Structures are given as C-alpha cells and as structure tokens.
Amino acid sequence: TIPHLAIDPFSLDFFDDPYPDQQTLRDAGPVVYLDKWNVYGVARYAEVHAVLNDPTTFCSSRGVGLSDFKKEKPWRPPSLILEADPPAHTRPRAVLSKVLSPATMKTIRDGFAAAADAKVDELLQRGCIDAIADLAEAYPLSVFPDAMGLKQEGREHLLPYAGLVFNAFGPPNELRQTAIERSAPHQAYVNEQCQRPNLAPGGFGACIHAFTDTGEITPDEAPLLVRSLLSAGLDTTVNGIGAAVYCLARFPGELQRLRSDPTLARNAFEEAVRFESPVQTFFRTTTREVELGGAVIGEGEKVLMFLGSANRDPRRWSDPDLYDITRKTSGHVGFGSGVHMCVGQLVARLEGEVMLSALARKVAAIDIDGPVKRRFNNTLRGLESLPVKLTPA
Ligand code: HEM
Ligand SMILES: CCOc1cccc(C(=O)O)c1
Ligand SMILES: [Cl-]
C-alpha cells in the first residue's frame, strides 16, 4: 500500500534540480519507500512536522543520517545533542541554549553588524564579486570563529570539516566516501580546538567549558559540545546567507521592497531559509511499530524527512515557489521543530539580519553576471559560485 519509488535524493541529478522529484515524492503519497537506500520517506509538511514532534517514536540516538548506530559504528563519536534523545539530550541542550542565549546576542550584535556593513562597503568597492566566497563565506568567517574564541591558525579546516559532517549524514555514495577519505587532518584540528586551553575567554567555547560546574554537564562533555558549534555553526550560515543573496538576485522586486523597509531584513532571511532550505534532509529511526499516514512502519526503520519539500508543500504554503519577504514564515521546518529545533538559530538570524540590513541600505541592484555553479552535498543545498555585480545605492 506504500508506493515504492526509485528516486535517489542523494544523486547529483537530484541536487541539480530537486523540485520536480520533490512534488513526485509529495503526490505519490504521505509515506513512500525509497528502494535505492531501503528507507521510508516523508515529503509533505504534515508528516514531516509530525515526525519531528514525535521524538520518542522517531528517535535520534540511532543516528540522524542513513547509518544506523545500532548496526554500524559512527564515523565519529556521536554528538551529545543532535544524536541524543531525552532525557540524555535535555541538559546538553540547555547549556548550548544558555551559551547562545538572548543575553549573549546583545554582546555580539554590534560587532556582527559592523562587520556586515564593512563587508558590503568593501564589496561595493570591487563591483563584480563572488557572492559565495566574497560574501556568503567571507562574512561568517569574519565573525563566527572569533565569536567562538578560536585562534587564527588552522581556520581553513573549518569549512572542509563542516562539509565532511553534512556529507556523512548521507548514504555511502562517492560524496560521503570521498569526504571521510580526506578527513583525518580536519578532525584533528577541530578536536584540538575543543579543549579548554585553546578557546579564548568570553567566546562561546570558553562559555561552554564554564558551564561544567553547574551540574548540567561535566568537564568531559564540554569538548563535544564545542564540537557541535564547530560542526554546525559556520557552514549552515554560509548556505543560509548564500541563499538569501541568491533569492534577492533572482527576485529584484523583493530586493526593492527590502530597500524601502530595511526592518524586513530579518523576515527576508527567514523566508530565504524556507525558500532554499540549506539543511535539506535529516533521518530518524523508529523505536517501535508506528502508523504514519495510513502506513505501518516496523521497528528500527530509517525515515527520511524532506525538510526542503515540506517548506514548499502547497498543502501548507500558498505560492510555495515564490520568494516573499513579507510572508508569515512561522511554522517552516528550515530550523527543525520540537526538542531538536536549531539551538543556534539566534546566531543564524543575527548574522542573516545584519547582512541583509547592510545590503538593504547600501545596495541598489544585484545582477548575476557570470556562470552559476552549484555545490553538491548530501545534506546542504547551496552554490559553489555566484558571480554578481553590486550597484551602489
Ligand atoms: C541557516 C542557518 C541554520 C539552519 C538552516 C539550521 C538548521 C537546523 C536544523 C533543521 C536542525 C534540526 C536537526 C534535527 O532536528 O535533527 C538544527 C539543529 C541544530 N543546530 Fe542549526 N541551523 C542553522 C544554524 C545553526 C547555528 C548558527 C548553530 C550554532 C552556532 C547551529 C547548531 C545546531 C545544533 C547544535 C543543533 C542540534 C540541536 C538539537 O539536537 O537539539 N545551527 N539546525
Ligand atoms: C543542522 C545542525 O545540526 C548539526 C549538524 C552537524 C553537526 C551537529 C552536531 O551536533 O555536532 C549538529
Ligand atoms: Cl571529529
């Protein structure tokens, strides 16, 4: 009764244009079976939202990738928060919440916004730039590693390590095999910076290590919690900011509405997160036999959630293929939903807002003037190169 589909959502053809296949996944039924990897799939908004908010049945401690930790060894020690279930997930999550707290954003917002204005001012002096390397990558690299309290040496390992982690969530294809095949130097750097003496005072890293005496985490848990921020804190904001610029480059009408009201910068970034969904997919594992969308799913089965497809489901969104900076984006699953919803979404929204704010006040037009190249990742959707000409306001 469950439709079987041969679509490979982790193929280069799928990444190149996933929207026709995503509607096919949605319309085939509420629950599908992907014969390519022997997993269940949910593509409509309702089932994606239901699975995310049922952590007891659709657990994360057996891996949020394709690999089942009950069957295969994890390529790295499991994350204490992303790949953990309640109650073991509760207190590590609370520490990262207080480290990336609303009170923390007040201390870094001015420096984050000043670096965004300075970056746009610098890019306008060049004219024709690469919105990926010179903006989507250059800006987060100019604020986040310093906010983490990282030293200067070795920062070129951060993005390769992140692309490795998100490629590792995928199936054992060549993208995943090649990533782990080039991995030992990157984890050696990242794991070393997770140690307390290597994190500058005042940064997120030192703040995590200071939370070890409250009884919420132990000193031996702090390095892996810092590893979470070094795994997910940079590459997500790169593809999130690269998505917003790509949207404003393809939709000049929305760029003109943003210029007229720069206070829309926060929602313009949030709508970009829904439109592109830089975090495309995540898995869950059934801890029991469960009925979902008229389909019964056995225990220990992998269920693939299409977050990007749920953000474009016409059963939930009106004109889902339209970029609307004034759309009420509340409910989108670009940051997840439930107990695992993005704990660093305040940092991500701060970086996105101040960057779109700088563009809104300083840029009059963003025109693509070069060949667009896509970056292929088993989890992340984003561009490799985006040549644009920036016209000063
Ligand atoms: C555009 C930017 C971002 C997007 C689209 C995004 C997306 C997501 C999503 C979809 C989840 C849910 C994962 C799941 O339910 O299995 C998540 C969780 C998480 N994110 Fe973000 N994220 C972003 C930025 C960040 C930043 C800036 C940080 C840290 C500084 C971060 C750290 C984390 C962590 C640690 C988790 C695990 C939370 C948990 O398991 O309770 N992310 N993110
Ligand atoms: C989508 C953000 O979620 C992530 C991604 C990669 C690593 C981790 C972690 O907890 O180390 C979390
Ligand atoms: Cl590692």
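Residues numbered from 1 in each chain as written, not as in the entry; some residues may be left out. Chains lettered and ligands numbered in written order. Heavy atoms only, no water.

Per the PDB record, the structure was determined using X-ray crystallography to 2.3730 Å resolution.

The PDB entry lists the protein under the name Cytochrome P450, with Rhodopseudomonas palustris as the source organism. As recorded in the PDB, this entry has the title "The crystal structure of 3-ethoxybenzoate-bound CYP199A4".

(A) Broad picture of the packing of helix 9 (residues 158-168) against helix 11 (residues 184-193). In contact at an axis separation of 9 Å, helix 9 and helix 11 are set at 110° when each is read in the N-to-C sense. Considering the angle they form, helix 9 stands roughly perpendicular to helix 11. For the pair formed by helix 9 and helix 11, the contact residues are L158, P160, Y161 and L164 on the first element and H186, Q187, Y189 and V190 on the second. Of the residues belonging to the contact of helix 9 with helix 11, the class tally is six nonpolar, two polar and no charged. (Axes fitted to C-alpha atoms, helices over the stretch in contact; angles between N-to-C directions. Helix = DSSP H or I, 4+ residues; strand = E, 2+ residues; numbered from the N terminus. Parallel < 35°, antiparallel > 145°, perpendicular 65-115°, else oblique. Contact = heavy atoms within 4.5 Å. Nonpolar A, V, L, I, M, F, W, Y, C, P; charged D, E, K, R; others polar.)

(B) Looking closely at the site of ligand 1. For ligand 1, the set of nearby residues contains 24 residues, the closest of which are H89, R93, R284, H340 and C342. Contacts to ligand 1 include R93, whose side-chain N or O atom sits 2.9 Å from an oxygen atom. Within the contact set of ligand 1, an oxygen atom lies 2.9 Å away from a side-chain nitrogen or oxygen of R284. For the shell around ligand 1, the elements supplying multiple residues, two or more each, are helix 13 (222-232), helix 14 (235-250) and strand 6 (281-286). For the shell around ligand 1, the per-class residue count stands at 14 nonpolar, eight polar and two charged. (Near = heavy atom within 4 Å. Polar contact = N/O pair within 3.5 Å; in protein donor to acceptor, adjacent residues only side chain to side chain.)

(C) Region of the structure containing the coordination of the iron atom of ligand 1. A lone protein donor contacts the iron atom of ligand 1, and this donor is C342 (SG), found at 2.4 Å. Mapped onto the fold, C342 is located in the loop between helix 17 (307-310) and helix 18 (345-362). (Donors = N, O, S within 2.8 Å, 3.2 Å for Na, K, Ca; no water.)

(D) Focus on the environment of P252. Tracing the backbone through its elements, the reader meets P252 in helix 15 (residues 252-260). On a C-alpha basis, the gap between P252 and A365 in space is 7.5 Å, while along the polypeptide they are 113 residues apart.

(E) Spotlight on the sheet that holds strand 13 (residues 387-392). Across the sheet, which stays open at both edges, the three strands sit in the order 5-13-10 with antiparallel pairing between neighbours. Every other strand in the sheet has two partners, leaving strand 5 (128-130) and strand 10 (363-368) as the edge strands with one partner each. With direction set aside, neighbouring strand axes in the sheet form an average angle of 35°. Note that strand 10 and strand 13 share five bridges and pair antiparallel. The residue bridging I368 from the neighbouring strand is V388, located in strand 13. Packing against the sheet, helix 5 (residues 102-126) makes contact with strand 5, strand 10 and strand 13, and its axis sits at approximately 100° to strand 13. Relative to strand 10, helix 18 is tilted by about 105°, and along the sheet it contacts strand 10 and strand 13. (Pairing = 2+ DSSP bridges.)

(F) Inspection of the sheet that holds strand 4 (residues 58-59) at higher detail. Overall, mixed pairing links the six strands, which are arranged 1-2-3-9-6-4 in an open sheet. Single-partner strands in this sheet number two, and they are strand 1 (4-5) and strand 4. One ladder, built from three bridges, connects strand 2 (residues 32-34) with strand 3 (residues 39-42); its direction is antiparallel. Counted as the bridge partner of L34 is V39 from strand 3.

(G) Expanded view of the pairing of strand 11 (residues 373-376). Inspection of the sheet shows strand 11 paired to strand 12 (residues 381-385) by four bridges, in the antiparallel sense. Following the sheet pairing, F376 is matched in strand 12 by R381.

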